[PDB]
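Worksheet: one structure, shown below.
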Amino acid sequence: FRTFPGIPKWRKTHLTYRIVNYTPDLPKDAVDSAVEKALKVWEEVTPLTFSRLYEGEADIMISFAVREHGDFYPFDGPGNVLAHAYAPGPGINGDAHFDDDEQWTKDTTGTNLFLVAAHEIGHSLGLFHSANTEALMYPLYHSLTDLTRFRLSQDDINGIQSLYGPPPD
Ligand SMILES: [Ca+2]
Ligand SMILES: [Ca+2]
Ligand SMILES: [Ca+2]
Ligand SMILES: [Zn+2]
Ligand SMILES: [Zn+2]
């Protein structure tokens, strides 16, 4: 696993998220479930906990965007860059933007929202890319049809626990 230069990390264990907008690709509850499960992945192996906000500035603001969207990194149309997320910190840091030029799906027929979201939240929490091929934090989106088997790899658990430690009890 790779942590980020300077090892920026959250100095608190309780983090808020806000789903700022919704893609036309899916039912709103599918977007909610995907994001909720993505957080869970990481919540499960650390003392981090998450709560959702519906107004104000949450630590992790989540949105869908197309091309230019308010930061210096425009999205790029279909495929390639699927999303991006900023390392821990204030304001735009911690935030995650998903390219709506992708077709987000609950399954693997398009771009799986839960999988990319689990990866991006890894970034929002302090993990950079891993050199390990079976890690979620590996840069490589394969269209893993088999989400039925998903498990955070040990390398991901090692990286995230190196930042925040294991679960307390
Ligand atoms: Ca933020
Ligand atoms: Ca793209
Ligand atoms: Ca879309
Ligand atoms: Zn962005
Ligand atoms: Zn990444």
Side-chain angles (χ1 to χ4, degrees), residues 1-10 15-26 31 34-35 37-43 45-46 48 53 57-144 147 150-164:
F1 67 84
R2 292 254 144 180
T3 64
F4 263 99
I7 315 187
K9 55 157 272 192
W10 296 102
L15 307 177
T16 54
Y17 65 106
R18 180 165 160 212
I19 298 178
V20 173
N21 69 21
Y22 284 87
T23 168
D25 306 351
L26 294 171
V31 178
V35 161
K37 297 201 321 184
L39 295 156
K40 214 67 81 175
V41 164
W42 301 107
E43 192 178 355
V45 299
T46 61
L48 270 7
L53 274 31
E57 304 285 313
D59 299 307
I60 300 160
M61 302 282 269
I62 299 166
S63 55
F64 292 86
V66 164
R67 302 280 180 187
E68 292 273 5
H69 55 278
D71 65 17
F72 288 113
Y73 305 86
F75 282 134
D76 59 352
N80 297 312
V81 169
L82 308 177
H84 51 223
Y86 290 86
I92 205 180
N93 291 103
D95 298 359
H97 299 163
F98 292 78
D99 191 348
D100 228 335
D101 272 332
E102 317 314 336
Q103 182 78 37
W104 293 103
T105 51
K106 187 164 68 330
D107 51 37
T108 57
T109 43
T111 302
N112 191 73
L113 179 54
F114 158 75
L115 196 256
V116 172
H119 181 98
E120 298 305 331
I121 288 167
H123 290 318
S124 307
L125 298 176
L127 296 182
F128 162 70
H129 292 115
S130 172
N132 189 315
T133 287
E134 296 290 322
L136 175 52
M137 297 315 304
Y138 195 65
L140 217 141
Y141 187 80
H142 320 109
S143 292
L144 267 107
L147 296 178
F150 183 83
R151 197 160 174 195
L152 259 194
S153 78
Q154 265 167 178
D155 174 76
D156 299 300
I157 299 186
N158 289 340
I160 198 72
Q161 288 185 351
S162 84
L163 291 170
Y164 309 107

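In listed order, ligands and their atoms are each counted from 1. The residues of the chain are indexed from 1 along the displayed sequence.
Outside the 6.0 Å centre-distance limit, the rings of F64 and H69 are not counted as a close aromatic pair.
The OD1 atom of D76 and the O atom of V81 subtend an angle of 90° at the Ca ion (ligand 2), given to the nearest 10 degrees. Rounding to 10 degrees, one finds that the Zn ion (ligand 4) sits at the corner of an angle of 100° between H97 ND1 and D71 OD2. With the Zn ion (ligand 5) as the vertex, atom NE2 of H119 and atom NE2 of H123 span an angle of 100° (nearest 10 degrees).
Sorting the N, O or S atoms of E102 by how far they are from the Ca ion (ligand 2) puts OE2 first. Taking the Ca ion (ligand 2) as reference, the nearest N/O/S atom within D99 carries the name OD2.
Other residues, nucleotides and ligands contribute more than 12 heavy atoms inside 6.0 Å of the NZ atom of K9.
A side-chain donor-acceptor contact under 3.5 Å links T16 to the backbone of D59. Side chain of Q161 to main chain of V45: a donor-acceptor pair is present (N/O by atom type, distance under 3.5 Å, no hydrogens or angles). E102 places no side-chain N or O within donor-acceptor distance of the main-chain N or O of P78, the cut-off being under 3.5 Å. At least one donor-acceptor pair closer than 3.5 Å links the side chain of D156 to the backbone N or O of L136.
Residue contact annotation: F75 places no N/O/S atom under 3.0 Å from the Ca ion (ligand 2). Among the atoms of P78, no N, O or S atom falls under 3.0 Å of the Ca ion (ligand 2).
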